[PDB]
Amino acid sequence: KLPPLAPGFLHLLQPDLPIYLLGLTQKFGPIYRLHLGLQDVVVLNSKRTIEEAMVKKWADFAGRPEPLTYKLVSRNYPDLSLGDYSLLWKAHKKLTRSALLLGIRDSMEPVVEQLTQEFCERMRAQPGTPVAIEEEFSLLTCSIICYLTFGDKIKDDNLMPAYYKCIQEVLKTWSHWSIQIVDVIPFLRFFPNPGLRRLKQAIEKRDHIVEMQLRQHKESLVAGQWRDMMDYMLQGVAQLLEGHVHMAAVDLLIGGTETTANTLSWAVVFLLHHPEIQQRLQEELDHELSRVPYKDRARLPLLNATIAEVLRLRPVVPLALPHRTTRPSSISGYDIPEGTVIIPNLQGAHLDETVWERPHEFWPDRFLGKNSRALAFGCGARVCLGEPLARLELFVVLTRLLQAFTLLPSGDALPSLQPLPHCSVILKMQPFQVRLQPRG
């Protein structure tokens, strides 16, 4: 007995897809089948069902599907984030996980704190002027992941301009409806598509960039020493090959910029709507205090509760990434065949009233480590690779923003909390501007 099948196609065209999927749980329960595109796919809409699949049945769902764009972005192969579950993939992830956790065990804090301070200095240029803060956070987060992957040469040969441009374009093209439409309806591959040709030209570099940096790290590399994440990964390689390192850097770079930047932007808009919270956060910092290190963190309980709420209420990767069943299994008492694609609806799951009371409301006080955790980063074998670095950025950036600045609306009106309807992969807010006034 398979999970119940909701009628229709293509439910993709629904305005707020994760919220549309949540609405279907009323009639069909937390777990059901439906036609996303032309394909039959099962969707999970509660923490209990997601954790049963990903945490309890670890290996059973761990896999990835392989539609055309997965192949197109890694022709030379082989990707981590889109790679299927295998023994070699596990070794792949283990290694890059070690580069983030041990390779930059030190550095990770100082590099983050140095670049956010440059960001704050850059914001002091023209106080009380309308700022495109989306683009500013994007430059900050991209800089951070670049410096940690590639090292000193980035602003030294002054490479952030070109690297930012490239990284932005790669994700911009891939996540567009053209390109993504070939994945859901395979036969449109033979159709003419401006988008695919734009994507191929955007893969050449990123590949030129990552390869140039790969070879530059290989010369000047000292065995036993590591200045960045690439130095680390190169020395754990040569069945894991340098091609694994290449794609691992790509996954770090693209996975690490727009995700943390949009989460930061979400926190901003939420803060703007709740001057009650911003003030309470300004009062908390001024009592600990000249930076408040990540080591402390617990000394600011409402800030961690606020961060957790933004992650809970606006998870930047709302439908995670698609999972593929590796062997015949079950979720919630229903038979789940091998090869079946699974969508963990993370945004919908966080909106469960049974787990979180008054669920559509922004309420940091709810987390004052108080009961029941969200999963903006997912869970199980496919957990976000960059979570530890992500949570550090959110702490350091917002902690250094709230002291030294007061967030004010750009216009006389408030910027909408409503995320734009046709989102692919990343949950983006409507383009807004902010006013930063010194002393907060």
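In this text, residue numbers run from 1 along the sequence as written.
Asks: How much of the deposited sequence is absent from the coordinates between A238 and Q239: none, 1 to 3, 4 to 9, or 10 or more residues?
Replies: Unmodelled stretch: 4 to 9 residues.
Asks: From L289 on to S290, does the model leave out none, 1 to 3, 4 to 9, or 10 or more residues of the deposited sequence?
Replies: The entry has 4 to 9 unmodelled residues between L289 and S290.
Asks: Using the B-factors recorded in the PDB entry, average over the C-alpha atoms of 211 to 219 and of 88 to 96, then report which stretch comes out higher.
Replies: Averaged over C-alpha atoms, the B-factors run higher in 211 to 219.
Asks: Going by the average Cα B-factor in the PDB entry, point out whether 171 to 179 or 318 to 326 comes out higher.
Replies: Higher mean C-alpha B-factor: 171 to 179.
Asks: Would you mind checking which of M160, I342, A267, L196 has the top Cα temperature factor in the PDB entry?
Replies: In the PDB entry, the greatest C-alpha B-factor among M160, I342, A267, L196 is found at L196.
Asks: Out of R312, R75, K165, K370, which residue has the highest Cα temperature factor in the PDB record?
Replies: When the deposited C-alpha B-factors of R312, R75, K165, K370 are compared, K370 is largest.
Asks: Looking at the entry's B-factor column for C-alpha atoms only, identify whether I254 ranks in the lowest, middle or highest third of its chain.
Replies: Answer is lowest: the recorded C-alpha B-factor places it there.
Asks: Sorting the chain's modelled residues by C-alpha B-factor, tell me whether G380 ends up in the lowest, middle or highest third.
Replies: As the PDB entry reports it, the C-alpha B-factor of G380 lands in the lowest third of its chain.
Asks: Split the chain's modelled residues into thirds by Cα B-factor; is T69 in the lowest, middle or highest one?
Replies: Middle third - that is where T69 ends up once the chain's C-alpha B-factors are sorted.
Asks: Would you check the entry's CA temperature factor for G243 and let me know if it's in the chain's lowest, middle or highest third?
Replies: As the PDB entry reports it, the C-alpha B-factor of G243 lands in the middle third of its chain.
Asks: Divide the modelled residues of the chain into thirds by Cα B-factor and specify which third, lowest, middle or highest, holds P337.
Replies: Middle third by C-alpha B-factor.
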